[PDB]
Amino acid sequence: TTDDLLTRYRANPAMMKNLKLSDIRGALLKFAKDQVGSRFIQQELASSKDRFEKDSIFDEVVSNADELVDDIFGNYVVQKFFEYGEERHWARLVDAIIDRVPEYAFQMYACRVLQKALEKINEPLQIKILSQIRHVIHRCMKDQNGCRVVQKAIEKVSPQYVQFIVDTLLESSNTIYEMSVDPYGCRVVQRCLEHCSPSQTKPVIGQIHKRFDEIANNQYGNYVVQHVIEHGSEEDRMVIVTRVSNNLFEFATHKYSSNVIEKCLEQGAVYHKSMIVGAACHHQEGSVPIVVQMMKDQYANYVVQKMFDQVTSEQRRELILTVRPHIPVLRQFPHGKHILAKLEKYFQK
């Protein structure tokens, strides 16, 4: 009749008016794994202002932790006790699940409990959770679920305590490549770039530079490179802008690497933009200047447009004096009218 109870309450939730948490004492597991009972627990926890009601079920939560954390409805019940305002309970709760954290990190509901704990609890408990992640970190970083736990770790824990995550990006020669071209691993790389110290990220970026071409034009790798441009050193931007400038047409005409140039133009210094415009207007002795060839391309026309929006009036004037002759012919090409229309603002001198 525990089951009949929850049938009663799915029928007449009016009969849940006068019902409090301490009353389901003993039936917590059935309630928390039920859609209606889980909502009752959650709502009661959020509206009760009686600490002793909430404490009365806590021992049942701690005892059934392992069965609630990867349950479709139970995982919410567990997360409610990782709230700000239940801090007396964080340690007991972390202890109920610590030994199975290497499994929970891969599971689609329990990994939400781990992300909540990392969001709310204090640094020693965070580190205690991370200590278990160490055991599975490489598989975890590439997992659809585990990578969110790792990303959350990186946002919420001080840089020094995720050195082992950086050390995992640098495990082997090709690990940074393998992660950058992986749909989940690449988010971990990006989180590291945004939040680790420059001493931590320097060997990461250096690994990225070694296979820069391949990562830049990868559907996930290009966002890794974009993050390097934004969070890397001035010497990284110089190395990157020097490379794209030397190969401006090749990077500009590929689907993924063309976003890399756009990022250089948005983050780059006047000196950086000058290299890119300078490469774009180079009078290649027997062919059209590559800024005109770029405007004929399916991806690179978005790049030329980014130059006009991002460079200095002086530099823009070099673009205009280079592109003005070819405007007849450019209107012919696919979308050439739309491409030049969006540029009309600049050619009405």
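Don't overthink the numbering: it's just position in the shown sequence, from 1.
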Would you say residue 284 is missing from a third or more of the other compared entries? yes
Comparing average C-alpha B factors as deposited, tell me which of 271-279 and 160-168 sits higher. 271-279
Compare the mean C-alpha B-factor of 123-131 with that of 105-113 as given in the PDB entry, and name the stretch with the higher value. 123-131
By the entry's C-alpha temperature factors, tell me which of 254, 88, 263, 211 sits highest. 88
Taking the Cα B-factors listed in the entry, which of 323, 303, 61, 41 comes out highest? 323
How does the C-alpha B factor of residue 81 compare with the rest of the chain: lowest, middle or highest third? middle
B-factor third for the C-alpha atom of residue 55 within its chain: highest
By the record's CA B-factor, is residue 29 among the lowest, middle or highest third of residues in the chain? middle
Modelled-residue ranking by C-alpha temperature factor, third containing residue 70: lowest
Would you please rank residue 151 by its C-alpha temperature factor against the other modelled residues of its chain and give the third it falls in: lowest, middle or highest? lowest
